[PDB]
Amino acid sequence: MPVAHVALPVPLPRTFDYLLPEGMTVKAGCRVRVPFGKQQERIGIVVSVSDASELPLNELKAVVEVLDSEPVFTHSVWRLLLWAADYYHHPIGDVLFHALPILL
């Protein structure tokens, strides 16, 4: 066939980069709505905010809206979760979202 989906030993937190529009401000632990595929919407959780992306600053889709003004996660809880994710080999996305419900 054509498309060979392959696995590679990727860096610890495999995340998706998105641009923050002018004037929109978000911090770690906040949920945001973002584009994805060609059709698109979905809720995500910001892990970090850098001034560098592995791809050009221009061909990055942009964040839609910020659902939280303050981290839905406790400073401690967050530290713990990022740890668990790393220590036990679990995708950050998974721990966080599967962990969100139990928290609320």
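Residue numbers here begin at 1 and follow the sequence given.
- Taking the PDB entry as given, 11-19 carries the higher mean Cα B factor of the two stretches 91-99 and 11-19.
- In this crystal structure, the stretch out of 74-82 and 52-60 whose C-alpha atoms carry the higher mean B factor is 52-60.
- Placement of the Cα temperature factor of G37 within the chain: highest third of the modelled residues, per the deposited record.
- Per the PDB record, residue ranking by Cα B-factor puts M1 in the middle third of the chain.
- Ranked within its chain, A28 lands in the middle third, by CA B factor from the PDB record.
- Sort the chain's modelled residues by C-alpha temperature factor and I45 lands in the lowest third, per the entry.
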